[PDB]
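Each residue of the sequence shown is one higher than the last, beginning at 217 in our numbering.
The C-beta atom is built at its ideal place from N, Cα and C for all residues, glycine as well.
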Amino acid sequence: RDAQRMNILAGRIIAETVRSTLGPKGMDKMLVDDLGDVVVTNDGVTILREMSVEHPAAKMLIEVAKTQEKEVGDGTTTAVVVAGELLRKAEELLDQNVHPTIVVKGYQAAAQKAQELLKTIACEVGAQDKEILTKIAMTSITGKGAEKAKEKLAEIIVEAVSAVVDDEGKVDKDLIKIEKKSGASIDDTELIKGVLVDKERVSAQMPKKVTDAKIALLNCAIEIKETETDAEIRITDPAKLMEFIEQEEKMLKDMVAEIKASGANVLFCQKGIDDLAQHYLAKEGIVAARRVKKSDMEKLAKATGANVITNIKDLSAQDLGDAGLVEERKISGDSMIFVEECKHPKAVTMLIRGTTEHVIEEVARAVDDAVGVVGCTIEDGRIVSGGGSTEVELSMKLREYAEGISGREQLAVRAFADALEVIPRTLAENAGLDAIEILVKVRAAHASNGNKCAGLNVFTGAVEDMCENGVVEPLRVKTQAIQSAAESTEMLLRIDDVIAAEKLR
């Protein structure tokens with residue numbers, strides 16, 4: 217009968233299950249399917265993407281959430297809690313014989329008005345100041361869940377994103393690889409100004425270090441080759457078999473001679489080196505490996521600027537690569553190859569260590585997105601405080617503006633401003649502190665001429681300066697999240713009737 221009353225309540229259930237997960241110490245409840253595989257994750261996107269639903273309108277709020285995850289990578293949880301309030305406060309207006317067309321007009325006007333206020337609240341910083349840059353690095357790692365180790369880790373991130381800043385000022389996620397490998401401890405982490413591969417030489421008689429490496433890039437797998445024309449090999453005489461095994465090997469020695477004659481001190485072949493072939497490339501002083509993945513051969517082409525060749529019978533001086541140094545070392549365990557190019561590098565790598573395959577993958581998954589949030593921050597250059605601090609300031613700005621606008625729509629603008637007051641409330645209850653008594657003091661600081669950068673610290677549990685502690689986030693996560701909220705909630709408020717949708721392609 218009510219119909220619309222059933223959708224406003226469904227949005228609160230989906231939002232309640234991802235309400236307490238906000239903040240660093242965000243707990244999560246178990247919800248295992250009928251199978252048995254237990255999954256424990258703090259991120260909300262991992263649950264909303266796999267958790268089932270019951271009503272058809274529940275997908276409206278999840279659809280807009282997927283597009284938000286593919287743009288910033290963090291803050292999607294804050295975009296869902298703001299929808300439950302705006303969707304709940306509407307019930308107070310409907311009881312007063314208010315038409316849905318009136319409450320939807322206040323959110324659009326209030327949302328657009330905030331676009332100009334955030335510009336004045338945001339500060340201004342440079343795009344190369346390493347001092348303030350390090351402060352943003354520790355703020356990202358701490359926001360995920362790795363406070364025990366964040367001193368040197370913050371310095372490895374600022375040097376990686378800053379060492380790949382093009383002239384136009386655009387960060388590229390493809391130029392940042394992540395190599396996982398257990399070790400002694402996580403503190404044994406260091407960046408490389410080049411590339412990295414987890415392979416070892418085939419023989420122990422090859423060189424260990426060489427300068428001005430002339431790598432020979434190959435794009436062919438391991439398999440018996442055949443001319444473009446149909447042809448097959450035949451064998452019948454067992455005694456004569458010894459003549460072919462040595463003949464084919466002879467066709468390889470003279471073939472590599474043309475590669476070495478064209479200046480090829482090194483060689484990164486992509487085939488199974490014959491047992492006797494290892495003796496030739498070893499005495500001549502040419503490293504090599506057997507069986508390498510294609511993912512490692514595609515990055516070297518664009519990194520070193522080599523040309524992709526498919527015919528081994530055509531490798532002249534103009535068909536080879538180039539690298540800086542190729543020294544063989546170890547890092548508490550095996551001995552892999554370390555290819556570098558300090559003359560003209562184009563990408564960096566990271567060899568995060570640890571003690572178990574589970575602890576290295578967790579931090580390895582929360583670092584790929586951290587650089588993305590700090591990367592776009594340098595592109596824009598404007599930063600604004602966050603963590604519930606600015607949310608309390610916007611309320612005072614909207615209340616003063618609500619008094620100017622007249623008409624019956626002056627009630628929705630007040631609920632929209634007060635709806636954002638739940639951000640510091642969830643953080644207060646998270647640490648086990650009362651909220652009704654703490655929200656009265658945070659407003660006193662922002663009386664008039666008070667510092668706009670001030671919020672509640674989850675550690676000490678009192679009002680402090682966010683600029684000194686470490687609670688700052690870019691304005692892109694707020695301007696886009698608040699914009700998607702008004703665009704998502706309007707789908708359920710405008711609709712005032714259901715339909716028996718059946719057979720619709």
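Ends of the alpha helix (DSSP H) at residue i?
i, result
"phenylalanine 632", "628 to 635"
"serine 605", "605 to 618"
"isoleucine 230", "220 to 232"
"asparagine 646", "638 to 646"
"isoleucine 278", "274 to 285"
"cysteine 683", "682 to 685"
"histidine 574", "573 to 581"
"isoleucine 402", "Where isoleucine 402 is concerned, there is no enclosing alpha helix (DSSP H), given that its DSSP letter is neither H nor E."
"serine 378", "367 to 378"
"residue 723", "Because the chain is modelled from 217 through 721, residue 723 falls outside the range shown and cannot be assessed."
Please classify residue i: does DSSP put it in a helix, a strand, or coil?
i, result
"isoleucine 348", "helix"
"residue 187", "There is simply no residue 187 to check, as the chain begins at 217 and stops at 721 in what is shown."
"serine 419", "coil"
"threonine 427", "strand"
"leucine 412", "coil"
"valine 314", "coil"
"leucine 247", "coil"
"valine 600", "strand"
"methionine 566", "strand"
"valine 254", "coil"
"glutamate 465", "helix"
"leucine 649", "coil"
"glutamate 625", "helix"
"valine 714", "coil"
"residue 731", "Given that the chain is displayed from residue 217 to residue 721, the structure contains no residue 731 and the question cannot be resolved."
"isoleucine 392", "strand"
"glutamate 406", "coil"
"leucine 238", "coil"
"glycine 342", "coil"
"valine 679", "strand"
"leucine 720", "coil"
Cutting at 6 Å between CB atoms, please list the residues of its own chain near residue i, excluding the five before and the five after it.
i, result
"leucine 412", "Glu395, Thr565"
"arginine 630", "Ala618"
"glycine 591", "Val377, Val387"
"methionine 422", "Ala498, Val503"
"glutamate 680", "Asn673"
"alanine 628", "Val319, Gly322"
"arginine 235", "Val297"
"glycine 597", "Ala343"
"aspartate 446", "none"
"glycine 488", "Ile438, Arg506"
Flag residue i as yes when its Cβ comes closer than 6 Å to any non-hydrogen atom of the ligand SAH, and as no otherwise.
i, result
"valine 261", "Only the bare structure without any ligand can be found here, which leaves the ligand SAH out of the picture."
According to the Cβ coordinates, are residue i and residue j closer than 7 Å?
i, j, result
"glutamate 706", "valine 320", "yes"
"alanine 519", "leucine 433", "no"
"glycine 227", "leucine 303", "yes"
"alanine 533", "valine 524", "no"
"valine 482", "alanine 429", "yes"
"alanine 539", "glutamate 557", "yes"
"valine 542", "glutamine 494", "no"
"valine 374", "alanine 343", "no"
"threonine 526", "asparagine 435", "yes"
"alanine 633", "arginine 615", "yes"
"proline 272", "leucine 709", "no"
"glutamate 465", "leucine 492", "yes"
"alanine 701", "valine 381", "no"
"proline 561", "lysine 389", "no"
"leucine 536", "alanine 480", "yes"
"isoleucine 230", "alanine 274", "yes"
"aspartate 259", "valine 589", "no"
"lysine 415", "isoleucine 553", "yes"
"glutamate 285", "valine 261", "yes"
"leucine 691", "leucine 334", "yes"
Apart from the five residues on each side of it in sequence, which residues of its chain come closer than 7 Å, Cβ to Cβ, to residue i?
i, result
"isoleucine 357", "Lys366, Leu369, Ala370, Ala586"
"residue 188", "Because the chain is modelled from 217 through 721, residue 188 falls outside the range shown and cannot be assessed."
"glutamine 220", "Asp712"
"residue 722", "Because residue 722 is not part of the residues shown, which for the chain are 217 to 721, the question remains open."
"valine 638", "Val297, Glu301"
"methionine 682", "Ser601, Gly603, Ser605, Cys669, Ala670, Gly671, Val688"
For the beta strand (DSSP E) containing residue i, name the first residue and the last one.
i, result
"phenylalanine 554", "553 to 555"
"residue 201", "Any answer about residue 201 is impossible in this case: the structure gives the chain only from 217 up to 721."
Shorter than 7 Å from the beta carbon of residue i to some beta carbon of chain D?
i, result
"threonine 452", "In the structure shown, chain D does not exist; there is a single protein chain."
For residue i, I'd like the list of residues in its chain whose CB is within less than 8 Å of its CB, leaving aside the five on either flank, ordered along the chain.
i, result
"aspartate 404", "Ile547, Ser548, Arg569"
"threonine 257", "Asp244, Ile263"
"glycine 686", "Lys351, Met354, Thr355, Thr358"
"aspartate 650", "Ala644"
Q. Unbroken alpha helix (DSSP H) runs of length 4 or more, entirely within the segment 507 to 547: which are they?
A. 510 to 520
Q: Within the segment 445 to 494, note down every full alpha helix (DSSP H) run reaching 4 residues or more, in order along the chain.
A: 457 to 477
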